[PDB]
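Participant: whatever this is, show me its structure:
(chains A and B)
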Number of protein chains: 2
Amino acid sequence: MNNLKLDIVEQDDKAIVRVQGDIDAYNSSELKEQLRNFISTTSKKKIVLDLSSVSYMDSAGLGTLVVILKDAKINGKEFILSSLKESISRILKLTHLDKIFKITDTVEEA
Amino acid sequence: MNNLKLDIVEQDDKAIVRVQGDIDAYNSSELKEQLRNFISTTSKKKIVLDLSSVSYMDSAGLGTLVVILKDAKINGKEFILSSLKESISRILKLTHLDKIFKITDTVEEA
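Facilitator: Numbering: from 1, shown residues only, chains lettered A, B, ... in the order given. Okay, here it is:
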């Protein structure tokens, strides 16, 4: 159970979570619980995951993001994925998860 | 790494996979592996997962199903989820994965 570094910055109406590392079976449980806790103790209405440094995701990772999106909405927050690298934009289009996730080009746009 | 048993039946234009057990982190890799191989052998155009005995799915499980749908289509096949229990119907709705999966009420309807 390896990498996964979270750099969180809150400004405007956004809680920006810069994710370093890939989101896969080795750190998806860690990702879920950090986001879980953060969502419960932030005043911001939008939670933006800045994936600019994420190059890979596996099925465990996609499943975790899907449920985190749900947990966020349960909490009354908007969840957005921003600054995807082409490999991830690719994976989301192929699996049609782009029909579920709100996705912006840049974090500022969210 | 516990349960998971696949009862496969081919008839008509479809390959019916009766899944016994839960689709979770403990057997999602196995699930993906059997389906992968099956999808590569069968001549049926439709692959139907009869989930009537599946009571639970976790994030690893949902993520696996999403990529199996993808791999299925890659192989030119139709992938369908059928006979869901309400717990599962519930989860797919909450996560909005019902926007991705073709789901039928019964296996015969697929």
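
Participant: burial check on residue A:50, number of neighbours?
Facilitator: 23 (other C-beta atoms under 10 Å in any protein chain shown). Any C-beta I mention is one placed from the backbone N, CA and C, and that applies to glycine too.

Participant: from chain B, how far out is it?
Facilitator: 21 Å (C-beta to the nearest C-beta, to the nearest Å).

Participant: ok, residue A:77 to residue A:46 distance?
Facilitator: 7 Å (C-beta to C-beta, to the nearest Å).

Participant: wait, I meant residue A:17
Facilitator: 11 Å.

Participant: ok, these two, which is more surrounded?
Facilitator: Ranked by neighbour count (other C-beta under 10 Å), residue A:17 and residue A:46 place residue A:17 first, with 23 against 17.

Participant: contacting residues for the residue of chain A found nearest chain B?
Facilitator: Using C-beta to the nearest C-beta, residue A:63 is the residue of chain A that sits closest to chain B, at 2.5 Å. By C-beta atoms under 8 Å, 6 or more residues apart in numbering or on different chains, the contact set of residue A:63 is A:28, B:58, B:59, B:60, B:61, B:62, B:63, B:64, B:66.

Participant: and residue A:57, how many residues sit next to it?
Facilitator: So residue A:57, with other C-beta under 10 Å, has 23 neighbours.

Participant: no, scratch that, I was asking about residue A:67
Facilitator: Neighbour number of residue A:67 under other C-beta under 10 Å is 20.

Participant: state the three-state secondary structure for it.
Facilitator: Secondary structure, DSSP: H, G, I helix; E, B strand; the rest coil: residue A:67 is helix.

Participant: grab the nearest non-local neighbour of it.
Facilitator: Spatial nearest neighbour of residue A:67, chain neighbours left out: residue B:59 (4.6 Å); criterion: C-beta to C-beta, 6 or more residues apart in numbering or on different chains.

Participant: tally of neighbours for that neighbour?
Facilitator: If we define neighbours as other C-beta under 10 Å, then residue B:59 has 25 of them.

Participant: what residues of the helix or strand harbouring residue A:91 count as buried?
Facilitator: Assigned by DSSP states H and E, residue A:91 belongs to helix A:86-94. Neighbour-count burial for helix A:86-94 flags A:88, A:89, A:91, A:92 (criterion: 16 or more other C-beta atoms under 10 Å in any protein chain shown).

Participant: do I have it right that the third one meets residue A:62?
Facilitator: Which is residue A:91. Yes - assessed by C-beta atoms under 8 Å, residue A:91 is found in contact with residue A:62 at 7.3 Å.
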